[PDB]
file coords-v6.txt (compact mmCIF, C-alpha atoms (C1' of nucleotides) and all ligand atoms)
# COMPACT_ATOMS: atom_id res chain seq x y z
CA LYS A 28 65.02 24.53 -5.55
CA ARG A 29 64.47 24.19 -1.73
CA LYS A 30 61.06 25.97 -1.96
CA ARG A 31 57.84 24.21 -0.80
CA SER A 32 57.56 27.44 1.30
CA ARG A 33 58.13 25.87 4.76
CA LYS A 34 54.47 25.31 5.86
CA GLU A 35 53.96 24.78 9.65
CA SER A 36 51.58 22.06 10.90
CA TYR A 37 50.80 20.26 14.22
CA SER A 38 51.68 16.78 12.80
CA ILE A 39 54.85 16.08 14.90
CA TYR A 40 52.80 16.89 18.10
CA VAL A 41 49.84 14.77 16.79
CA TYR A 42 52.29 11.81 16.25
CA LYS A 43 53.77 12.53 19.73
CA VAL A 44 50.33 12.33 21.45
CA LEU A 45 49.49 9.25 19.28
CA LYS A 46 52.60 7.38 20.58
CA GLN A 47 51.51 8.09 24.19
CA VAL A 48 47.90 6.77 23.70
CA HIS A 49 48.68 4.04 21.09
CA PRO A 50 52.44 3.39 20.63
CA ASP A 51 52.03 0.69 17.88
CA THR A 52 49.44 2.51 15.71
CA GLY A 53 50.28 4.96 12.90
CA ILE A 54 48.33 7.41 10.75
CA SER A 55 47.64 8.03 7.02
CA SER A 56 48.47 11.51 5.54
CA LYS A 57 44.74 12.33 4.90
CA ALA A 58 43.97 11.35 8.54
CA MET A 59 46.87 13.61 9.70
CA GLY A 60 45.38 16.37 7.43
CA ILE A 61 42.03 16.03 9.32
CA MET A 62 43.84 16.11 12.74
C1' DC B 1 -16.14 5.93 11.69
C1' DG B 2 -14.85 7.55 16.41
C1' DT B 3 -13.61 11.34 19.18
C1' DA B 4 -10.13 15.00 19.82
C1' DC B 5 -10.16 19.45 19.49
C1' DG B 6 -12.45 24.28 18.86
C1' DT B 7 -16.05 27.32 20.73
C1' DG B 8 -18.46 29.44 24.26
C1' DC B 9 -19.94 29.81 28.85
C1' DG B 10 -19.61 30.60 33.99
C1' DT B 11 -16.23 30.57 37.79
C1' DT B 12 -11.66 31.62 39.76
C1' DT B 13 -7.19 33.46 39.79
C1' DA B 14 -3.25 36.42 39.90
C1' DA B 15 -1.06 39.64 36.52
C1' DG B 16 -0.54 44.22 36.27
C1' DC B 17 -0.52 48.57 38.06
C1' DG B 18 1.40 52.36 40.93
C1' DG B 19 3.33 53.07 45.09
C1' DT B 20 6.65 52.83 48.85
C1' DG B 21 11.13 51.62 51.35
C1' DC B 22 15.67 49.50 51.51
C1' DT B 23 20.23 48.45 49.92
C1' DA B 24 23.32 45.22 47.11
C1' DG B 25 26.40 45.96 44.03
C1' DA B 26 27.26 48.25 39.36
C1' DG B 27 30.57 51.16 38.14
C1' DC B 28 33.83 55.04 38.72
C1' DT B 29 38.39 57.07 40.69
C1' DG B 30 43.05 56.97 42.38
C1' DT B 31 47.15 54.42 43.63
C1' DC B 32 50.87 51.35 42.70
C1' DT B 33 53.49 47.50 40.96
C1' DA B 34 53.61 42.90 38.82
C1' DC B 35 53.53 41.51 34.33
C1' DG B 36 53.93 41.56 29.39
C1' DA B 37 55.90 43.89 25.22
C1' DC B 38 60.12 45.01 23.06
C1' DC B 39 64.98 44.12 21.79
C1' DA B 40 69.29 41.65 20.31
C1' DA B 41 71.92 37.34 20.41
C1' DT B 42 72.03 32.45 20.17
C1' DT B 43 70.94 27.71 18.53
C1' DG B 44 68.25 23.39 18.50
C1' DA B 45 63.45 21.96 17.38
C1' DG B 46 61.23 21.34 13.45
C1' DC B 47 61.40 22.02 8.54
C1' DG B 48 61.97 19.95 3.59
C1' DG B 49 64.06 16.32 1.07
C1' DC B 50 65.03 11.70 0.53
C1' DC B 51 65.20 6.58 0.89
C1' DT B 52 63.33 2.03 2.83
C1' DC B 53 60.67 -1.63 3.71
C1' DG B 54 56.30 -3.53 5.61
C1' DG B 55 51.18 -2.23 5.69
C1' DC B 56 47.57 -2.79 3.09
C1' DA B 57 45.12 -3.31 -1.50
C1' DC B 58 44.35 -6.95 -4.41
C1' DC B 59 43.97 -11.97 -5.88
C1' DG B 60 41.87 -17.00 -5.91
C1' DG B 61 39.34 -21.06 -3.51
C1' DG B 62 36.25 -22.79 -0.50
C1' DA B 63 33.24 -22.79 3.83
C1' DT B 64 29.93 -20.32 6.20
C1' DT B 65 26.46 -16.97 7.44
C1' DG B 66 23.23 -13.64 6.25
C1' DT B 67 19.44 -12.39 3.35
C1' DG B 68 15.18 -13.42 0.88
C1' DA B 69 12.10 -15.68 -2.55
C1' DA B 70 9.37 -19.16 -3.72
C1' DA B 71 6.74 -23.09 -2.78
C1' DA B 72 4.18 -25.92 0.47
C1' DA B 73 1.59 -26.43 4.54
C1' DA B 74 -1.48 -24.51 8.24
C1' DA B 75 -4.93 -21.39 9.67
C1' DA B 76 -8.57 -18.54 9.63
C1' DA B 77 -12.31 -17.12 7.03
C1' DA B 78 -16.36 -17.57 3.80
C1' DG B 79 -20.35 -19.90 2.13
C1' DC B 80 -23.51 -23.94 2.57
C1' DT B 81 -26.56 -26.71 5.15
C1' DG B 82 -29.84 -30.21 7.28
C1' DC B 83 -31.92 -30.73 11.94
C1' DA B 84 -34.24 -30.07 15.96
CA CA A 101 -16.76 25.68 36.59
CA CA A 102 32.54 46.08 44.07
CA CA A 103 66.99 16.89 15.16
CA CA A 104 59.07 14.43 6.05
CA CA A 105 38.17 -12.82 -2.45
CA CA A 106 20.19 -12.76 9.77
CA CA A 107 15.38 -10.81 5.39
K K A 108 49.43 43.61 37.78
call {"tool": "encode", "arguments": {"input": "coords-v6.txt", "output": "structure tokens", "more": "lines below"}}
Ligand SMILES: [Ca+2]
Ligand SMILES: [Ca+2]
Ligand SMILES: [Ca+2]
Ligand SMILES: [Ca+2]
Ligand SMILES: [Ca+2]
Ligand SMILES: [Ca+2]
Ligand SMILES: [Ca+2]
Ligand SMILES: [K+]
result
Amino acid sequence: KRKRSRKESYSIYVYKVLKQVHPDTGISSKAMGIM
DNA sequence: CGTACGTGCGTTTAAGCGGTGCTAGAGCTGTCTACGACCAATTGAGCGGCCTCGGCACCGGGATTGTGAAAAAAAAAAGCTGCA
């Protein structure tokens, strides 16, 4: 096992900016996909 | 059914032409060095996997607020005059 490739994405940085501008609001996986 | 737009005319304008004179700056060359690629070593930021726990989808009951449809009233219009 331990495949799923390792696919890079901006989602940690998106979350990081989100917590700056709106610290109590989160984000669905589709919405993250669009970001 | 009313007039905005196409046609044609006379009047006016300035584009185009060709020419001249001047130079800003496009673009090329040579020099030199600050910067970015390249490399190996190192390791923590970010990856996948995994579990949890509350957001959010779904439910039922009733009040309330849009959202419109019909029915009822009000009005404007149509036809009819009876005098002066
Ligand atoms: Ca005229
Ligand atoms: Ca120059
Ligand atoms: Ca870590
Ligand atoms: Ca994850
Ligand atoms: Ca309901
Ligand atoms: Ca309404
Ligand atoms: Ca309505
Ligand atoms: K340089």
call {"tool": "closest_atom_pairs", "arguments": {"input": "coords-v6.txt", "of": "chain B", "to": "ligand CA 104 (chain A)", "cutoff": "9 Å", "atoms": "all atoms listed in the file", "output": "JSON lines"}}
result
{"residue": "B:47", "atom": "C1'", "partner": "A:CA104", "partner_atom": "CA", "distance": 8.3}
{"residue": "B:48", "atom": "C1'", "partner": "A:CA104", "partner_atom": "CA", "distance": 6.7}
{"residue": "B:49", "atom": "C1'", "partner": "A:CA104", "partner_atom": "CA", "distance": 7.3}
{"residue": "B:50", "atom": "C1'", "partner": "A:CA104", "partner_atom": "CA", "distance": 8.6}
call {"tool": "residues_near_ligand", "arguments": {"input": "coords-v6.txt", "ligand": "ligand CA 107 (chain A)", "cutoff": "9 Å", "atoms": "all atoms listed in the file", "output": "PyMOL selection string"}}
result
chain B and resi 66-68
call {"tool": "residues_near_ligand", "arguments": {"input": "coords-v6.txt", "ligand": "ligand CA 102 (chain A)", "cutoff": "9 Å", "atoms": "only C-alpha atoms (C1' of nucleotides) and all ligand atoms", "output": "PyMOL selection string"}}
result
chain B and resi 25-27
call {"tool": "atom_distance", "arguments": {"input": "coords-v6.txt", "atom1": "CA of residue 35 in chain A", "atom2": "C1' of residue 46 in chain B"}}
result
8.9 Å
call {"tool": "interface_residues", "arguments": {"input": "coords-v6.txt", "of": "chain A", "to": "chain B", "cutoff": "12 Å", "atoms": "only C-alpha atoms (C1' of nucleotides)", "output": "short mmCIF file (atom, residue, chain, number, x, y, z; two decimals) with C-alpha atoms, in the frame of the given file"}}
result
data_model
loop_
_atom_site.label_atom_id
_atom_site.label_comp_id
_atom_site.auth_asym_id
_atom_site.auth_seq_id
_atom_site.Cartn_x
_atom_site.Cartn_y
_atom_site.Cartn_z
CA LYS A 28 65.02 24.53 -5.55
CA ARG A 29 64.47 24.19 -1.73
CA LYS A 30 61.06 25.97 -1.96
CA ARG A 31 57.84 24.21 -0.80
CA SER A 32 57.56 27.44 1.30
CA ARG A 33 58.13 25.87 4.76
CA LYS A 34 54.47 25.31 5.86
CA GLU A 35 53.96 24.78 9.65
CA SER A 36 51.58 22.06 10.90
CA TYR A 37 50.80 20.26 14.22
CA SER A 38 51.68 16.78 12.80
CA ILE A 39 54.85 16.08 14.90
CA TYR A 40 52.80 16.89 18.10
CA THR A 52 49.44 2.51 15.71
CA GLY A 53 50.28 4.96 12.90
CA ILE A 54 48.33 7.41 10.75
CA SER A 55 47.64 8.03 7.02
#
call {"tool": "residues_near_ligand", "arguments": {"input": "coords-v6.txt", "ligand": "ligand CA 105 (chain A)", "cutoff": "10 Å", "atoms": "only C-alpha atoms (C1' of nucleotides) and all ligand atoms", "output": "number ranges by chain"}}
result
B: 58-61
call {"tool": "atom_distance", "arguments": {"input": "coords-v6.txt", "atom1": "atom CA of ligand CA 101 (chain A)", "atom2": "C1' of residue 2 in chain B"}}
result
27.2 Å
call {"tool": "residues_near_ligand", "arguments": {"input": "coords-v6.txt", "ligand": "ligand CA 101 (chain A)", "cutoff": "9 Å", "atoms": "only C-alpha atoms (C1' of nucleotides) and all ligand atoms", "output": "PDB file with C-alpha atoms (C1' of nucleotides), in the coordinates of the input"}}
result
ATOM      1  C1'  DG B  10     -19.610  30.600  33.990  1.00  0.00           C
ATOM      2  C1'  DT B  11     -16.230  30.570  37.790  1.00  0.00           C
ATOM      3  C1'  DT B  12     -11.660  31.620  39.760  1.00  0.00           C
TER       4       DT B  12
END
call {"tool": "residues_near_ligand", "arguments": {"input": "coords-v6.txt", "ligand": "ligand K 108 (chain A)", "cutoff": "8 Å", "atoms": "only C-alpha atoms (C1' of nucleotides) and all ligand atoms", "output": "ChimeraX atom specification"}}
result
/B:33-35
call {"tool": "atom_distance", "arguments": {"input": "coords-v6.txt", "atom1": "atom CA of ligand CA 103 (chain A)", "atom2": "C1' of residue 44 in chain B"}}
result
7.4 Å
call {"tool": "residues_around", "arguments": {"input": "coords-v6.txt", "residues": "residue 62 in chain A", "least_positions_apart": "2", "cutoff": "8 Å", "atoms": "all atoms listed in the file", "output": "VMD selection string"}}
result
chain A and resid 38 41 58 to 60
call {"tool": "decode", "arguments": {"input": "coords-v6.txt", "residues": "chain A", "atoms": "C-alpha atoms", "output": "PDB file, in the first residue's frame"}}
result
ATOM      1  CA  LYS A  28       0.000   0.000   0.000  1.00  0.00           C
ATOM      2  CA  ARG A  29       1.128   3.634   0.771  1.00  0.00           C
ATOM      3  CA  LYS A  30       0.443   4.722  -2.859  1.00  0.00           C
ATOM      4  CA  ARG A  31      -2.066   7.536  -3.629  1.00  0.00           C
ATOM      5  CA  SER A  32       1.015   8.928  -5.507  1.00  0.00           C
ATOM      6  CA  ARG A  33       1.719  11.932  -3.210  1.00  0.00           C
ATOM      7  CA  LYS A  34      -0.197  14.695  -5.114  1.00  0.00           C
ATOM      8  CA  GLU A  35       0.806  18.304  -4.202  1.00  0.00           C
ATOM      9  CA  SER A  36      -1.892  20.973  -3.710  1.00  0.00           C
ATOM     10  CA  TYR A  37      -2.147  24.529  -2.234  1.00  0.00           C
ATOM     11  CA  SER A  38      -4.776  23.488   0.392  1.00  0.00           C
ATOM     12  CA  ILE A  39      -2.627  23.947   3.575  1.00  0.00           C
ATOM     13  CA  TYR A  40      -1.767  27.542   2.373  1.00  0.00           C
ATOM     14  CA  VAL A  41      -5.472  28.160   1.436  1.00  0.00           C
ATOM     15  CA  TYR A  42      -6.490  27.056   5.017  1.00  0.00           C
ATOM     16  CA  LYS A  43      -3.645  29.249   6.395  1.00  0.00           C
ATOM     17  CA  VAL A  44      -4.910  32.387   4.548  1.00  0.00           C
ATOM     18  CA  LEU A  45      -8.523  31.438   5.530  1.00  0.00           C
ATOM     19  CA  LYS A  46      -7.595  31.429   9.271  1.00  0.00           C
ATOM     20  CA  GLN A  47      -6.095  34.946   8.895  1.00  0.00           C
ATOM     21  CA  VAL A  48      -9.221  36.440   7.168  1.00  0.00           C
ATOM     22  CA  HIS A  49     -11.891  34.287   8.928  1.00  0.00           C
ATOM     23  CA  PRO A  50     -10.504  32.239  11.872  1.00  0.00           C
ATOM     24  CA  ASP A  51     -13.868  30.517  12.752  1.00  0.00           C
ATOM     25  CA  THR A  52     -14.924  29.536   9.197  1.00  0.00           C
ATOM     26  CA  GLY A  53     -13.953  26.277   7.451  1.00  0.00           C
ATOM     27  CA  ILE A  54     -14.199  24.907   3.917  1.00  0.00           C
ATOM     28  CA  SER A  55     -15.764  21.893   2.115  1.00  0.00           C
ATOM     29  CA  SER A  56     -13.473  19.621  -0.022  1.00  0.00           C
ATOM     30  CA  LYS A  57     -15.195  20.671  -3.319  1.00  0.00           C
ATOM     31  CA  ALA A  58     -14.728  24.358  -2.320  1.00  0.00           C
ATOM     32  CA  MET A  59     -11.025  23.605  -1.553  1.00  0.00           C
ATOM     33  CA  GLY A  60     -10.857  21.858  -4.999  1.00  0.00           C
ATOM     34  CA  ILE A  61     -12.100  25.125  -6.643  1.00  0.00           C
ATOM     35  CA  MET A  62      -9.551  27.228  -4.621  1.00  0.00           C
TER      36      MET A  62
END
